[PDB]
Colleague: 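What follows is a single structure, and I will ask about it in a moment.
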Amino acid sequence: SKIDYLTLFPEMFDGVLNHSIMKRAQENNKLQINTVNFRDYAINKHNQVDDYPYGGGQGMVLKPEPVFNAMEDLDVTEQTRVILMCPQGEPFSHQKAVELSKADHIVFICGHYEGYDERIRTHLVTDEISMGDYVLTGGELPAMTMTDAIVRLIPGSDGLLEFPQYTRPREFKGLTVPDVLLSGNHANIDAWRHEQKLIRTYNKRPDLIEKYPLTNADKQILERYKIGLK
Ligand SMILES: N=C(N)NCCn1cc(-c2c[nH]c3nc[nH]c(=O)c23)nn1
């Protein structure tokens, strides 16, 4: 499997591909990653990859020819998935990460451009994906985050919040690890962790409690808690 990124700043990805999961999986002969710069396929008078929009508008638009050429050199096939980092795209999701981990070749089109030529979108892009309602400067960090979640799904819940976890030391600033965790009584350790899960969910995410098949023990735990409050 292989991932290629079209970027103006191929060096933003320095140290994110040479370390962690990217370093591991790429070393392991699992994924080939290539960075590709624009303006390496530009032919404009200033070697530009953006020009002004027909009809007017404030911004500048990425031109189609450098991008189709970039797809050409990257040996994009009819089954390659070309992902446009688009602020109005479908929000990225675990479902989509599972879907994309099934893909032999992937290309991210990254860029700060206010606009993209519609030719690119109609005949080149297979996928347009957002990071969320917030506004970013470019598609490079989105591209890398999505790559993280996808690569992690390469061969290389219960409905509640997590239970608190503690490690050494037992005491720190007078803040004491709960004693049940050191008693070596695993039935109590698990019962306590479950109680904390119910209580933390009740306090911070009551919607999750509503969608949870509460037992009679769970109801009693929450009721003893909310009475212990008063
Ligand atoms: N087309 C416009 N407005 N570009 C402006 C500059 N920009 C933004 C993005 C972008 C990519 N992915 C995102 N996910 C969530 N919000 C975002 O803003 C983005 N890429 N370039």
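We're numbering straight along the sequence, starting at 1. The figures here come from the full heavy-atom set of this structure, side chains too, leaving out hydrogens, waters and symmetry mates. One-based numbering, in listed order, for ligands and for the atoms of each.
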Colleague: To which protein heavy atom is atom 7 (N) of ligand 1 closest, and what is the distance rounded to 0.1 Å?
Modeller: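 Protein heavy atom with the smallest distance to atom 7 (N) of ligand 1: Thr137 O, 3.4 Å.
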Colleague: If you look at every heavy atom in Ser101 and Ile154, which pair is closest and at what distance?
Modeller: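 Heavy atoms only, the tightest pair is O-CD1, 3.3 Å.
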Colleague: What pairs with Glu118 under side chain to side chain contact (heavy atoms under 4.5 Å, CB included), at least two apart in sequence or on another chain?
Modeller: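 If we apply the side chain to side chain contact (heavy atoms under 4.5 Å, CB included) test to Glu118, skipping adjacent residues, the hits are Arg121, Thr122.
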Colleague: For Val135, take its heavy atoms, then give the atoms of ligand 1 lying under 4.0 Å from any of them.
Modeller: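 Those atoms are 18 (O).
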Colleague: Specify the protein heavy atom at minimum distance from atom 16 (N) of ligand 1: its residue, its atom name, and the distance to 0.1 Å.
Modeller: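 So the nearest neighbour among protein heavy atoms is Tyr134 O, 2.9 Å.
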Colleague: What is the closest protein heavy atom to atom 21 (N) of ligand 1, and at what distance does it sit?
Modeller: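 Minimum-distance protein heavy atom for atom 21 (N) of ligand 1 reads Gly111 O, 2.8 Å.
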Colleague: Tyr113 versus ligand 1: do any nitrogen or oxygen atoms come within less than 3.5 Å of each other?
Modeller: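 Such a contact does occur with ligand 1.
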Colleague: Any idea which heavy atoms bring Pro53 and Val61 closest together, and the distance?
Modeller: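 Closest approach of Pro53 to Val61: CB-CG2, 3.9 Å.
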Colleague: A quick test of your reading: do over 12 heavy atoms of other residues, nucleotides or ligands sit less than 6.0 Å from CD of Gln58?
Modeller: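 It does not: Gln58 CD has 12 such atoms or fewer within range.
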Colleague: At what distance is the nearest protein heavy atom to atom 11 (C) of ligand 1, and which residue and atom is it?
Modeller: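 Protein heavy atom with the smallest distance to atom 11 (C) of ligand 1: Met85 O, 3.5 Å.
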Colleague: Enumerate the atoms of ligand 1 whose separation from the nearest heavy atom of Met131 is less than 4.0 angstrom.
Modeller: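 What qualifies from ligand 1 is 14 (N), 15 (C).
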Colleague: For residues 70-119, which residue pairs pass the ring pair (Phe, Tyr, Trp, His ring centres under 6.0 Å) check, not counting sequence neighbours?
Modeller: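 For residues 70-119: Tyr5-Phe108.
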Colleague: Which of these, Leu62, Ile129, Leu136, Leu84, has its nearest heavy atom closest to atom 17 (C) of ligand 1?
Modeller: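 Among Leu62, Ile129, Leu136, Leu84, the closest heavy atom to atom 17 (C) of ligand 1 comes from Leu136.
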Colleague: What's the shortest distance from atom 12 (N) of ligand 1 to any protein heavy atom, and which residue and atom give it?
Modeller: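 Nearest protein contact, heavy atoms only, for atom 12 (N) of ligand 1 is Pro142 CG, 3.8 Å.
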Colleague: Tell me the protein heavy atom at minimum distance from atom 10 (C) of ligand 1, and give that distance in Å.
Modeller: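 I find the closest protein heavy atom is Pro87 CG, 3.5 Å.
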Colleague: Measure the distance from atom 3 (N) of ligand 1 to every protein heavy atom, then report the residue, atom name and distance (to 0.1 Å) of the closest one.
Modeller: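 For atom 3 (N) of ligand 1, the nearest protein heavy atom is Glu114 OE1, 3.5 Å.
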Colleague: Decide, yes or no, whether a salt bridge links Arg170 with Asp179 under the criterion of side-chain N to carboxylate O below 4.0 Å.
Modeller: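 Yes, this pair counts.
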Colleague: Side chains of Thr215 and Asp218: do they bring a donor and an acceptor to under 3.5 Å?
Modeller: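 Indeed, the side chains of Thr215 and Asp218 share at least one donor-acceptor pair under 3.5 Å.
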Colleague: By number and element, which atoms of ligand 1 are closer than 4.0 Å to a non-hydrogen atom of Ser130?
Modeller: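 This gives 14 (N), 15 (C) as the contact atoms.
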Colleague: Tell me the closest heavy-atom pair linking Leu74 and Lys2, and the distance in Å.
Modeller: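 Nearest pair, atom of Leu74 first, then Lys2: O-NZ, 4.4 Å.
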